[PDB]
Structure formats: structure tokens, C-alpha cells
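For reference, the structure is listed below as C-alpha cells.
Note that the chains take the letters A, B, C, D, E and F in the order they are written out, and that residue 1 is the start of every chain.
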Amino acid sequence: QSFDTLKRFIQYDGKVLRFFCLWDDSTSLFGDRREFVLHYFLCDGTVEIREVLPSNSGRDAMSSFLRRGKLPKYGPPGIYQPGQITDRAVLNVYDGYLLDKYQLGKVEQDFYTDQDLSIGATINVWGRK
Amino acid sequence: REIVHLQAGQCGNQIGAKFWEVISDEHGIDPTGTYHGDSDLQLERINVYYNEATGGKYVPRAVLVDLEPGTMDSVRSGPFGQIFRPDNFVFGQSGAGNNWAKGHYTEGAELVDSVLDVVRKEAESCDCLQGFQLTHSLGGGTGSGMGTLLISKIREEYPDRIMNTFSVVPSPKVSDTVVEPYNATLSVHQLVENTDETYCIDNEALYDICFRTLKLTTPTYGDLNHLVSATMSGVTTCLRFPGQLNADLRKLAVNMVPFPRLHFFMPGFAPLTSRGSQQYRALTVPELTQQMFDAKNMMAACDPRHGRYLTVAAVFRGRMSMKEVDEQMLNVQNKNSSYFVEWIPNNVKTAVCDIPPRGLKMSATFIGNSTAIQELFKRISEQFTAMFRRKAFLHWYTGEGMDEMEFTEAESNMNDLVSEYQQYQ
Amino acid sequence: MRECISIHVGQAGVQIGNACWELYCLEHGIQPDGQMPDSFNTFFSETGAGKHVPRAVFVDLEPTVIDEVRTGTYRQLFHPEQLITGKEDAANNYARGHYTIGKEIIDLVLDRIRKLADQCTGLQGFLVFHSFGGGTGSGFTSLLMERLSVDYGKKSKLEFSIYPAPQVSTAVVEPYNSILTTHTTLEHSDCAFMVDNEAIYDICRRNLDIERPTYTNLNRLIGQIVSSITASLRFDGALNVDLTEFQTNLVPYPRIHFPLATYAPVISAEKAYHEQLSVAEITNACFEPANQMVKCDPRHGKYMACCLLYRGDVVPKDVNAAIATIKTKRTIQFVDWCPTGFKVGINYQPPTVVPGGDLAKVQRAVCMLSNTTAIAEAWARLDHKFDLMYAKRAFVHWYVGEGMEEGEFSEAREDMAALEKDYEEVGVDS
Amino acid sequence: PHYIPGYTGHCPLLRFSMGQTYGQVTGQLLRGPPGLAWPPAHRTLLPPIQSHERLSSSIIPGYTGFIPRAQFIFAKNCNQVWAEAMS
Amino acid sequence: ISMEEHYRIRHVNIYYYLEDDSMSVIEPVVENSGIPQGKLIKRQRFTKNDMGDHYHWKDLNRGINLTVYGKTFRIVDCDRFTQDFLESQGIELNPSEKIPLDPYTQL
Amino acid sequence: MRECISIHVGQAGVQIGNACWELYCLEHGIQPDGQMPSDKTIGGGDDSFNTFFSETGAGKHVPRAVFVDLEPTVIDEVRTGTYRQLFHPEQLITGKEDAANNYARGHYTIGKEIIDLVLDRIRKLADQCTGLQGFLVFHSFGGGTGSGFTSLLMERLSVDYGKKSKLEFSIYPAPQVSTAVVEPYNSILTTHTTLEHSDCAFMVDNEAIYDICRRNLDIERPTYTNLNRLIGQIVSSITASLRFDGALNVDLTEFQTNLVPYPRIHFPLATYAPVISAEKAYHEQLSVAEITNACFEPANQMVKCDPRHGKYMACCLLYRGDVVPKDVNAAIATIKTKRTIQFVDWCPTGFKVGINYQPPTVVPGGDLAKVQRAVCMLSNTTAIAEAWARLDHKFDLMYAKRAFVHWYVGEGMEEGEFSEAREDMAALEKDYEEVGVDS
């Protein structure tokens, strides 16, 4: 499979897609309806989020709300039991590693895509809709 | 890398100015000096013989040394005269006048202190200097006498470079000067010591080509200088055109002169064809070897059938195949093996250049080094020593500042050289 | 991991290498611009966006022979810093390429050689390409291999050469370069192959029907011999041999490292319909005396060994039939003390074909490497043509004038004369 | 369309152009020339793409006889010489 | 085969003998031409077709192409006697052409 | 596995090989490109062609034949004919100057330049062999390379190969019709060389086939095509039991065992019995009897010699077609009962019988009909001595004044080889008196 980055970095470097965000925590006991901003960087399809504070709210100053990273598609996923997060696999140590002809350290983790997100639809952001 | 082209004499300019009409047609350059060519290899190695000026123009690297202002004023008003830069037409006021000692000693020695200023100027505007040239005839005292003093003082400033001289040595048959053997016998006293290279052209055999094989009823001095200019470019075509096999200017000088005094060559040209027999003639590789090597087509009137070939060249020019080129140099050498020296077991040097002369599908060019060049030197010294035994015209030289013992010193070095050709025959 | 860097010296060494590198591009998927549209790492480096840079360096003294590689179809394939080029040429002078102009570039090329072999993981071979005629193919090559003999150590350094022919030559000086260059090739090369230009003209005339073979057809046959040695580096075989392993098996003694080459199916594509091309049909076309690459008859020789290299649709049961056939015919003579006599190599990948080439797309192919005593008469010919001219000093004035003493002309005669009796004392029986 | 940096040849207006990388100057000069005319039929920089009777079938590679215009064609196989002479 | 010329123009005089209907073609001598000049075709009756018909003086006019022995001669002009003769026999003469200039001879 | 390599020498030997190879390519299913059409195939497996043809991966059939000639012209109609692709190019070998009707030119001066090429090509057609039954050569005694090089061909095959069989089909000169003055000088020396190297020798002169074309057929004015078309019918019938299955079959070493009694008597004759144009064939029974005694017609033999002057030694019979074994025995017993047919004293059996199943095929353009039966005769008389009493006469009629001898001496040939070959050929004249007279 492909472990290549350079072509996409040369093609889609400074292009991001920004969506504003509304989130109704009014169904909860004390939350207000919130306004956020969701940036989506096309160099590596990675998402960041930030809060937009009103004129009269007692919230502290936040330059972010989460990290610029990949967002999982379904839920706060269990990616625990460490060692499975490595993308390439190995066969032995001979450091110098030899690629195993079978692939055993592979878990199907799905991410958000520019094909996935769109205007006027609802998604799942770390257990929040 | 690159060469500066000296021209000396009334023969030297008329030799030299036709060469610049020849080589500037290699490279698509109109008479004002601008490129108007039709391929990018017409432009790619043009700096070998050029320098560049502003506005998309190239000027040659030439000085034009004369001892009469009227003999370059025709050259400055030819069809290709305005290409040259007028800063370096360095010229004298009074005439040498078919006199050696008035070119070497008296009159040209004031001029050559000023010629060196531009030839030092044309040799500091470089990248890595390769060599020089010289066109002169061994009959007079402007082409011949100052050109000898020119060489030795170039030699002490630039002593690891290449010097070429293209001589037109005097003929036996008809002499256009009474005092020709007093010129050419003292002349070759410094073409045996002061230069890396020298060719030998007789006007006796340039007439022989232009009547027997070219069928010209009346050849002028333009058709004879067409023959010289088509050989002075044939030895500098590995240096400015890519080849399947390469042999540039340094590569032949090492490789052909076996002993450090025997550097007198004799060139020819292969596709020389009559205008009526151009149609009935095939051009293959055997049709160049058949006409390079035959004794009619030489330009030196020294018959190769009267002696032994020492080392033999061939600079081919076209698109040939490396077996068929190397086959004929084997085929000729094995057929008539008495004519070649035996203690050199293969007398062949070969080169193939991929860009033909324009209009021709294929060419070749030959550089013999035969034993029979002594019959040029012997027949000068048989008609020199008739005149010098009674001292016919001696008072015109002795009165200009030279002794008596210098002539019997010059007859040593010429009559030494004849023995060194009999020695290796 | 199977790193191998090829350095090209000479004008001849570049037109040899201009055919090898159009063969290694077509053999794998890559294009003239370096981009594929697993095992290229023997000969191609790896950079980012899908490029693979060749592991080569093209060094020659005059500019005019590399400048059509700088402007040809392979401009972007080679990295520009590799194509090292001088200013003034050696001009058929071993002295001028070893003593005068070679000192102004040996500082620079060894920087590129260091910059290649520190990128490498583990190195097997250097493949230098040259010819025994001129100056930079003979003199600079000698200075190149006493730097590499001590700067690198015991990395294997192969040696593909061209011997000067008996009769058909192109210089009058060709004996003088090729008795002064056996002095330095002997102590530094580990295996030195010889293929002279005269014999290929015969094979290109009767096996292939190419009347008038230009050097483009000449160099398309050498690249098959270099590739067939290195298909076991790059591919997977039923019985493979690396570049380390058959250097042990081919040479008996540390001075006899001069093997021959022979490629068995070298057949035109109209006369390859009608022939079977079986394994036992082309095993004995290697030992056919009209198909050798160097003009020295193996019937006057006495075989030390043989290193058959097979590639294509070959099965080891069909190999062992033909090896038993050759040991029964009595015009082939192996030595007394080599009873095994062979070194079989069987590979899976067929030889690739160049379009615009001259051969046929054949299912099987044999490359052969023999070590005979028959080259005693290819070194007793050209040794006479040396001292036919050296007995009264033709062409010595040029060599002495820029850095060579008078005695080293005869220091290298005896090291070529004592070279010759080691082939007399190796072929005798009990 | 440019030249690689180590190139040792002639490029027009190169000495007067200044202040850039060598490849950038060569690309900009080869793109156009206001001062002069660039030749139409050039052959250095080329596009990279991967390396009655008597037809070509009516003979054998050992046939003896005269084929017209087939003594000037070189560096080719015998059937190829005959093919590009007859056709 | 020439680098200097692709074609050359050869001037010729055609003579027709009214005594016996024979013809001859003669190239005039030109200094420095380098070609064998003079009688190109000997005096004989020229055949017009494969049937063996001969050229008659009625077949000859200014601006006509005369084909003999695989060479085509363009008739450009005629002499005064030939003009007066053809007009007296009821042949109207075409306008005189100019001989094209040989590029090689001009250079 | 039943293979036999064919070699052909000279303009006579090439033009025999055109007629024989149009015959075999139509006997099996071969088309002139080389392969069966793969639309329709005639019966039989792989076995029926491996005597003659070869195979590749694609399915070609390259014959195991080489054509040898000393001039360009006669080969070059094979290279431009309709069978140009069916022959591999190196098999058709061609010199530069022909031998100019000299034995000495093809055997000493010019033959040394094409003996080196033609002995690597046999060793390329016999290495791909598995078991080789024997070579066949085809030549004419009168010619220059059909006499000179062919004697040089047979000697290097006796050395390098051994006791492998070498058949020869030859063209003896006619008794009085000849195309060349020198023909006594060739047929003496070439008989002297091919005695000790050839195993069988089916001599046939062209004047006899002239006589049976005009008489048994109706063809007046025949050319060499009608001459060569009937010759291949006899060459194929010898090897017709090698290729196709038979009721009782004979191979190439079967007849050499039976015909040749002593090691220099190996000159059989030839007779092909039903030789009938298609306008007469279908009104005749053509039974086994009617094509057995027609082989014994002295006007139907194919050498101009008469077997009433001589003793039959041993007769071979090559029956093919619709032949039952019991009807050969009826017609055999008529012949020995008949008294104008005379046999020797010391051979009372005198017969080898071979019966095949495949009837002989038809060549379109040819003149013979489609018949159901045939017989080929390989007799051996003592009456072939009369065809050497008129060859030794025409030799010393010239040679006792030394005509044409200087043309042969200056080619590396000494003058002693004429007196050598005259006495050896006179030795074989008395070997046929000695053998053929009664005890």
C-alpha cells in the first residue's frame, strides 16, 4: 500500500475548508447553544476546532477546543492495548526491520474525509453531534 | 577549448579571409556577424573561434598583420570584411618588399611590439586557451619574415600551448620571385625549432588538382584558397562538433610526429569531384580512401610513391560505420605494404565527426607524413646554393643588419633535416 | 541492501554505459524521467515523489562526450552532480591522463564516490567500464583504482574492459597503453573481463545478419552480458549466485583473474522461428569456437573452469543432461586438477529485449564465463607489437615529457612477461 | 524545457542575464528570444518516451543478388536493410 | 550530388535540315562551364512516336517541348530565316520566350 | 525416430528436390507456409512426418534437407518460388563460381570452400536427431559439382559419421544422347570414388524416361518437370514403408541386405509399373498380375540396358495400395515359370516382397493418374555390364590422344588419376563376368 505524502503536500498545501458550527447543548440541563469553527486541512485531511465566544459569556480564553488531528468516524474509539497504532508491520528485528509479507497488525480505523463532510448535515464529533 | 587566429601576409590575408567565409557558413552567420542559423549545434560550440559582443553578435578572434596598408583595405571591403573588429588590424607604414631582413630585423620589429598587445588581449579574454594558428607563405617578407619573429615571441609567453602554421612553400617549376630560395631556406630554420606544427602546400600541386581532377579551364586565386580553407577547418571539427570517435587538435600532434623535428605534413581532401563527374560518382567509405591516398590528390607535390609513409591520418566527416571505416585502413595497408614503415606496426589514425560540411553527404580529410618531403627540402637547397656560391643578391640583406655566417648556419639546419628523413627511411 | 555503484570512464565507457542504462530502465518499469507509472534497490536510489536515481557516475575528461548525455533523453534521470567533466583531454596519452590532467579531478570524483557509498546500506560491487586504447580509459582508470584500493578496502571491484585487437585497430600507439596498464590492473582488480572489438564483428555478421555493425549494435551486446551477471542480484532464482560467490569459484590463483565471456543465443528474429532453443542446444554454442568474444581459439587452450549462467525457462534436470554431454566430447579439454569443472547458475527472469535493438525475444538464454589457457596467444601477439616499436623508441618522447620516467616502460614489460609464464606453468598435466 | 546545471555549452544572452539560478535563466531564455530567432528544427532537447515482386517476405537471410539502393544502408539487420530499401 | 546547384540550365541550338527532314542538337561553347559541349545529337531524322513517325518542320514552334532520346527541349526562339520561312508556309509563330537564368552560372 | 536427412547437389540435384518436396508436402498435410491449416486435417498422428519434417513451438515443419550448389541462380528460384518460407535460410547453401563442367574444379579448387560450411549444417541436422536411418544424396555424373564436389562430399561423410547408410540416386549418361563433350571424363573418375563410400546406387539415365513418357503416357516433348515428377514417385516408394503402416514392410537396411550380394555390385535398376495417363487408367483392371510382369518389360526399365543379355541376381518388390499378400505369390510363380527371364545359378529364392497400405498420391499439374495399386522394382542384373562397355569405349577414344586433359591437370590434379580410374573401372567389368557365369 501507499505511505506517500509528498504529492499531496505539493498539490494541496495551503488549502483548507472552513465550516462554522452550531451545537445545541440546550437538551442538556445547563448547556447553551454553542458556536464553534471547524477547519479542515486538505494537505493531509486533518481537522481542527475552536470556540467562538459571545460578548457576554463567562468562558475563559480558548485558542483551541481540541487538537489538529484526525477525527474518528464512530464514537470515542477504543484504540487502546498499545502497539496496534503502528502503521507499518514487521517480521523480525535482524535496528533494521523486515517487512512481513502478511499483514497482521492492521485494524480498520475510518476517518472523516472531504468526501464525507458537507453543509447542512449532522456528524459525530467525539461523541457530540 | 578555444583558438585565436593570426593572419600574416598578402597571401596570408587572401588565405585567411576566405577561411572566414567558409567557417562562418558552418554556423549560419550573415556578413554583419549575427547568427541566422538553422540548428542548435550551429551555435553550441561557437566560442572555440569567437568572442561575443553586445546586441546578439559574435566577432572572430583574428589579427591581420601586414606591412602595407593597401593589402587589408581590400580585405576590410570584401563581402565578409566588416565582421572583424577594426581595433586589431595592426599595420605598418613602409613596405617589407620581398625582403626577409626588412621584416625580421629592421622594420617589422617596431610593429611586433604593438601586435603583441592585441594578441595578449585576445588571450586573456578566455576560459582555457587551447592554441593559435598562422597563415603565411614562404616566399615573401611580410607573410614570411615577420611571421617567424611572431612565433618565437608567442613561444616564450605561452610555451605549453599549441602553435599551427599553414605554409605555402615555394615551388620549383615557376618562381614568382627571383630571391625565393634566400627566403625559404632561412625561413625553415625556425619552422624546425619554434613551432609545434606546420603544413606544406605547394602551388605546383594546387594547379595539378585544379586541372586534372576538377577540370577547371582557368583557376583564379579564389579556387586555390577554396582548397586550403577546406582543410584548415577539417582539423578543427572534433573540437567544435560531436563525434562517434573524437580526435581534436592536441590528439593528433602527440600521435603523429614520431620524432621531435619531423613535423611537416601534406594534406588532401576526399570528395573533390569534377562538376560533370559529380553525377556519375558514388559516395561510400571506399570512395574516400581511394581518393585520399592516391598521389594525384595531394596538395604538397612530394610524391608518396617515392618514399615511406611514417604516420598517416584520416579525419572523416559524415555518418559512417566504424567497421567500414576501420576496414579500409586495414585493406589499403595490407595491399601495398612496401610504402609504409615496418617498425611502426599500424600506421592509422582515425576519427569520425557527425556533422558533414554543408551540401555534402559525406567527406574525409587526410594528413600524410611521408618520407618524400625531403625532395621539397633538397630541391630548395640545390637552387639556393647556386646563387649563394657567387653571392648574387646578398648585399640587400647584409646591408640591413645581418652577418655572413648566418646563411651557412641556415644551410646546416636544412641539410641536417634531409638526412633525418633518409635516416628513418 | 544489494548496493552496487557503476563508475564509467572513457568515451567508450559512456557509450557502453548509455546502453546498459537504457536496459536497466526497460527491465523494470521506470521511464526516462525516473518515475514508475521491490528490487530496483540494487541499482536505483530512492527519493520522494516516485523518482529512482541511478547509482552511477559518468566521468570523462573532454566535455563533448558527456554533453549529449546532459542534453539527451536522460537529462532528468541522472543527478547533475554525478556527470563529472574536465577541460583538457588526455589525447591518447596514458601519461597525460594519469599524471597531468587526472590529478585535477581525482579530488572531485572521490567526493561523489564517498557521497554514494555512505548513502548505501551494504555494498557488494563496483563495476567500472573502460577500454584499453586511449588515455582516460587507461591512465585515469589506473589512478582511480589505487585510490579505491585503499580508501574502501575489500569491497569487490569488477572490471569490464576492451582489449586491443590483433589486426583491426584505430591507433598506432595502442600497444603502448596496453602493456603499461596491465601493471596496475593486476594488483587492484578482483575480476577483469576482456572483450575485444574484432570478434564481435564476426558474430554480428553471421549469427545476426547485420552487415556493417556500427558501435550502437556493438554496445547492445555488452549490456546483455553485464545484465546477465546481475539478474541474480535483482531477481529470485531456482539456483542463484551473487557477485561475491562466483569470484571464488572462477579464479584458481591471485594472478589469473582474466575470464572470457560468451552469450549463447545471439540470434536474429527471422532465424529464431526455426530453431528450438533447447537447453542442450545452447549449452554447446557457448563452447563453439566461432562464437567467443576474444580472438583466441579455445582448442589450443586448456580449460580451468566454466561459470554457466542460465536465465529463462530452464529446469535443472535439463541442465545436468547437457553438462554430461560436453564432458564426453573430446575436442574440449579441461585441466588435470579440475574434476568438477562447472558452476551452474539457474535464474527465473528472462532477458528483456530493447525495442530498436537487434536480437530476438527468446525464452531461454545462456551467459558463460570461462577461464582458459587460450589467452596465452592473445598476450603473445600484442607483446610483439609493443617492442617492435620499442626496440628503437618510437613515440617515447611524448610520454616522458609530462611525468613518466624512461624505466617504467620496461618495469611494466617484465610484469607482463612474468605474467605470461604463469599461464605456461598452469596448464601442464602430471 | 531547460538545461541541467552542469551543462558546458553556449546559451544566448546568458552573460547579460543575471541574478537568478542557472536553470531558471536557461528556461527563461529558451522560452523566448526578443533579440534574435530561435531555430525551428532543433534536436538537443527531445520529449522523454521509453526506448512487381520482392516484398520483405520473399527472400531469406542468405539470399544472393542485387537489391536496389541497399548498399548505402548501414548498422541494421539484413532483412531490415532490405525492408527499408524496398519500402 | 552538388552542394552548390540542384539543377542546371543547358542552352542548345536545334537545326532542322529542309533537304532531308533531319535534325541536330548542338550546345554552344561556354567558357568555364566544365561540361563536354558541342554536338549533343548527330544529324539524323528524329522519331516523334513509337510508330516511327518523324518530326516535321510543322511540329516545331516557339514555346513547344521537343522530346528526343528521353530529353525534353523547350523551344524559346528561332532565327530570322526560320521565322520568315515558317510564316511563308502559313505557320503563325508563338511569342519569343526568355531562356531561364542558370542559378549556378549567376552565383 | 525413423529419420533420414536428404542432401542435394547441383542443378540436377536441386530440381529433383523440388519435385520430391512438392510430393511429401502433399503426401502429408503441409501447406507451403509450413503448417497444417487447422481447419481440416487428414488422418494420422505425429508419426507420419517425423522421418522428413521437424517441429518448433508454433508448429512449423522445417525439412531435414540441405541444397548444395556452386552458383547463385538455380537456388534462387527456390528462394522466390512458392516454397520460400518452408525452407530455413541456412539450409539452401550457395557458392560463387560453378565448377565449369570439371571434376577437378569441384573436387580440388572450388569444393574446398563449401566443404567447411556443409559439414556444420549436417552436424546441426544430426544433433537434433534421435535415430537416423541414413542419408540420401541426389546428383548427376555428368556435371561439375554433381561429380566433383559430390565425390568430396561422400568421403568426409564416411570418416566423420561411419557405417551410417548413404543412398544415392544418380543420373548416368545416356548411351548416345548427351549435353556435354567431357562426359566420359567425369563418369569414370566419379565412379571410381563413389564405389567404396556408397551403399546403394540407383542409376537412371534420362533417355529411358524419355522413351516411357512418350510411349506409356502420350506426352511428346517432355521437359525436366515430367522427368523429375516420375523420379520422386520412386524415391518416395523406397521410404513409403518408413512413414506409413504396412502389411509387411521393409526399411533402408532391409534391401541392402538382400539386393547387393558382393561389396561392389550395388547398382540396381528401377521400374515403376503403372505409369498411365488418366484417359487410360479407368478402363483397365490394373491387378497385381498386370503390374508385376510389366516391371519385366525390357522397354519399361529406366536404364538403356537390356536384361535379356544378363542374369537376374535378386529382385526387390515394393507393393503399395490395394494389394493382398496372396496375389503377390501368384504372379511371382508365373515369372520363375516363364523362361525368357533368367536368374543366376546360386540364388534360387531371388525375391524380397514389401506390401504397404498407402496408395500413391497425385500431384496437381502432374500427368500420372490416381491409381489403386503400384509396384516398384529394384532388380539387379548382370546386364548392366553392357552400359560400361560403351563408357570405357568413349573414354579411351578421347584419352589415347589426350583431349581435354590440360583443363583438368591445372586444377591440382595430377595426370596419374586418369590411368588409375580407368583400370579400376575395368576391374568392375570383369567382376560381372566372374559373378554372373555358371558354376
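Basically, a contact is a pair of C-beta atoms (placed from the backbone, for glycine too) under 8 Å apart; a residue touches a chain by one contact, two chains touch by 3 or more.
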Of all other chains, the one whose Cα centre sits farthest from chain E: A
Winner on C-beta contact pairs when C-D is weighed against B-E: C-D
Centre distance in Å when chain A and chain E are each reduced to the mean of their C-alpha atoms: 96
Between chain C and chain A, distance of the C-alpha-averaged centres to the nearest whole Å: 57
Euclidean distance of C-alpha centroids - chain D vs chain F, Å: 60
Length of the line joining the C-alpha centres of chain A and chain F, rounded to whole Å: 94
Overlap residues in chain E, where contacts from two or more other chains coincide: none
Touching two or more other chains - residues of chain D: 9, 44, 61, 74-75
Residues of chain A touching at least two other chains: none
Pairwise chain contacts under the document criterion: A-C, B-C, B-D, B-E, C-D, C-F, D-F
List of chain A residues in touch with chain C within their complex: 4, 6-7, 10
Partner chain E, residues of chain B touching it in the complex: 214-218, 273-276, 278-279, 281, 283, 357-360
Residues of chain C that touch chain F when the two form their complex: 270-271, 273-276, 281
For the chain E and chain B complex, residues of the former touching the latter: 1-4, 31-32, 34-36
Chain F - residues contacting chain D, complex: 72, 76, 79-80, 84-85, 87, 89-90, 92-94
